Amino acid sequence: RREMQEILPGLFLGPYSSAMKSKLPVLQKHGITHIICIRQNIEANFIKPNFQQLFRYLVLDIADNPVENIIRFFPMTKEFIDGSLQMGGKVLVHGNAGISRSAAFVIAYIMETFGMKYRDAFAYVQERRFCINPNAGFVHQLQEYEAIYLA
């Protein structure tokens, strides 16, 4: 729960603790080059980019609640992750707990890229990171985005 897991080749999912200063050796050993750092502005005291010069960041100001809009950022994060993986880079996606917001963004990537429905993508990720649980609003938005890209 307090560490990052490889979810699919080159894409890792973790809590904020996985991208703290002290974890640099772990990040470099796994060839991480890009980090999606997700947090509310009120969390920005402890959840923030810690390696200004070493990694490319995407910081997303997102609350973990069922009415928060995350679908607006699915195209952005898909592009960011594709861009890294295409150049042989690797991506860490982290939130606070690595349970709801961060998990939803990894699921969106998996659904679109690997042609999986929500239930199957959720199950796939849960097998790797046992604690994941996107809120219901996020689940609906995942389904809503699939309807978009399938149209």
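Residue numbers here begin at 1 and follow the sequence given.
Undergrad: Comparing 121 to 129 with 47 to 55, which stretch shows the greater average C-alpha B-factor in the deposited entry?
TA: For C-alpha atoms only, the mean B-factor is higher in 47 to 55.
Undergrad: Hey, which bit's got the bigger mean C-alpha B factor in the entry, 98 to 106 or 80 to 88?
TA: The stretch with the larger average C-alpha B-factor is 80 to 88.
Undergrad: Per the PDB entry, which option out of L142, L24, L13, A136 has the greatest Cα B factor?
TA: That would be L24.
Undergrad: Tell me, lowest, middle or highest third: where does the Cα B factor of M111 rank within its chain?
TA: Ranked within chain, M111 CA B lands in the lowest tercile.
Undergrad: In terms of the CA temperature factor given in the entry, to which third of its chain does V93 belong: lowest, middle or highest?
TA: Lowest third, going by the recorded CA B-factors of the chain.
Undergrad: In terms of the chain's CA B-factor thirds, is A63 lowest, middle or highest?
TA: CA B-factor rank for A63: middle third.
Undergrad: Relative to the other modelled residues of the same chain, rank the CA B-factor of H30 and answer lowest, middle or highest third.
TA: Highest third - that is where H30 ends up once the chain's C-alpha B-factors are sorted.
Undergrad: Sorting by Cα B-factor within the chain, modelled residues only, which third would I70 end up in: lowest, middle or highest?
TA: Middle third by C-alpha B-factor.
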